[PDB]
DNA sequence: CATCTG
DNA sequence: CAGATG
Ligand code: NA
Ligand code: NA
């Protein structure tokens, strides 16, 4: 956690690069189990050889570890942090809509900057465009004080469209968090479930209302169950307009809301322990359901859940306020 | 995993 | 349809 930190960090720089710049998914994955294990390792790694002793740790990595321990640096790491091509890819990738793949294409075409991008707006797709247009707003965190106003609007409009909708704002926002990166709404309706064959309108109507009143400004991607967009809190009395914020809305069959809701609220850590505990308690849990574990190895059958309560209950646990869902 | 692009 | 992005 701090004993093999530099090592784990270097390995991470390395892994990322294989994957983003080179195409090296193997190598890339290589660096990763490595950091994973050295990370778990209980002592202070004093040499390559020592590491090498670990699984995932081979000779090449061992080698690297040596030089890093030998000197506060690594040449290769040093070489890469300079390299403009590598840098460009890390940068372009920052735009919503640009993954490594595209980052490579553009670079090879000479687009390496924001400006490059603007000049070449023709080569970018809709998502990518939006991403470019709101590069700044997109990188800005979302303070809870805004978050509450957003939630305030969303929930109100949903209610108006149908009294039966149930919306929830998951994420860190839900666990306390002073700021967040984006708005995540989980949505369901009684008239939508596991069996029930579809109901796209269910999601389209809300999206539409949100646009009606102007809260939603652009569409990144709109499916029949998942909407990805951009929204904005109406600028008050002109002098201070708000940043453009990322937002997602997803329809869920009512028969698996809370597991979803549970799940999305996190944290990853909370999940895990919760998950692991479930298991002890003779249970299974994933994003959509909780199932009674048979003994034959495994088994299933969705347990019936009416709230996040039913869940804990199941695994016989202490109902946790979202704030304390931390770890 | 769901959506988009080409 | 494969392949990309989130
Ligand atoms: Na990106
Ligand atoms: Na292939």
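Along the chain as shown, the residues are counted starting at 1.
Method on record in the header is X-ray crystallography, 2.7 Å.
Every residue gets a Cβ built from N, Cα and C, even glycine.
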Ubiquitin cross-link: annotated position in Swiss-Prot, out of A:53, A:76, A:112, A:160:
A:53
Among A:118, A:144, A:245, find the residue to which Swiss-Prot assigns the annotation omega-N-methylarginine.
A:144
Given that Swiss-Prot records A:182, A:184 as binding Mg(2+) 2, the matching residue among A:122, A:137, A:238, A:248 is A:248
Please identify the range among A:145-154, A:165-174, A:175-184, A:185-194 that Swiss-Prot labels region 'DNA-binding'.
A:175-184
Residue A:75 (omega-N-methylarginine): which of the binding-site residues A:54, A:95, A:98, A:172, A:175 is the nearest Cα neighbour?
A:54
Hey, does DSSP put residue A:75 (omega-N-methylarginine) in a helix, a strand, or just coil?
helix
Densest Cβ neighbourhood among A:54, A:95 (binding-site residues), 10 Å radius:
A:95
Using Cα positions only, nearest of the binding-site residues to residue A:184 (dGTP binding site) (A:95, A:172, A:248)
A:248
How long is the line from the C-alpha of residue A:64 (active site, nucleophile) to the C-alpha of residue A:73 (ubiquitin cross-link), rounded to the nearest angstrom?
10
Around the Cβ of residue A:248 (Mg(2+) 2 binding site), the count of other Cβ atoms that are within 10 Å:
17
Cα-Cα distance linking residue A:248 (Mg(2+) 2 binding site) and residue A:95 (Na(+) 2 binding site), given in Å to the nearest integer:
17
